[PDB]
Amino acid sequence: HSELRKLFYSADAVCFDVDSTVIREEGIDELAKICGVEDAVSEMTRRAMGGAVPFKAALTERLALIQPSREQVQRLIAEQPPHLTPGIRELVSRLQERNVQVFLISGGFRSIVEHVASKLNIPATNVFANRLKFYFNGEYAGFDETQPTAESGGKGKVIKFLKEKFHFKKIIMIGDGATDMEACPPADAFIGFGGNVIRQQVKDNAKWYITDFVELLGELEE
């Protein structure tokens, strides 16, 4: 490697997804374990490796199986399961003094990915996670179907939604798997993360890879 200094310098805006990337654990699964469907959803997710049934589809099932209450989601952010990864926190901290815009694009729910984006001074207007719906009686009522990250290609769309609006110069994407690596083309660049989860799909096969921000906080601290 040699293009990690300038590459990460000529940047104008960078963004990464929450699940297993900016957060150690998985929102959906950490949200199911609170119920009793951990085993189900977890397998329901990993079985959804590639384009095997669009995202929107599997999202409803996996969610219909869960049926989370506002109370539940309100007490998760209370037991604050989302844990930041060893690096990230700072990596973006010093990235804000550089004016370089930072973003969060996860298949998760802002109901949560928003609390995460707080430990990091990232305004909510820079978050992109489908939303959860509830009844005044505090009971699962589905999710917002008009959310770009609700179905496949979602992540790579929100990015473009950003270029045809912010006219950026260098936009980088960092995910913990090809499950969203295919967004580099829309964007201006990508980095596969693997500190919490590897997956060959991104491991050996991915330009500018990485594992654990710390094990790259140096080339950055340089």
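The numbering used is simple: start at 1 and walk along the sequence shown.
- The mean Cα B-factor in the deposited entry runs higher for 118 to 126 than for the other of 102 to 110 and 118 to 126.
- Note on 5 to 13 vs 21 to 29: mean CA B-factor is higher in 5 to 13.
- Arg94: CA B factor in the highest third of modelled residues in this chain (values from the PDB entry).
- When all modelled residues of the chain are sorted by CA temperature factor, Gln200 is found within the highest third.
- Compared with the other modelled residues of the chain, the Cα B-factor recorded for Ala78 ranks in the lowest third.
- Split the chain's modelled residues into thirds by C-alpha temperature factor. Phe143 is in the highest one.
- For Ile171, the recorded CA temperature factor ranks within the lowest third of the chain's modelled residues.
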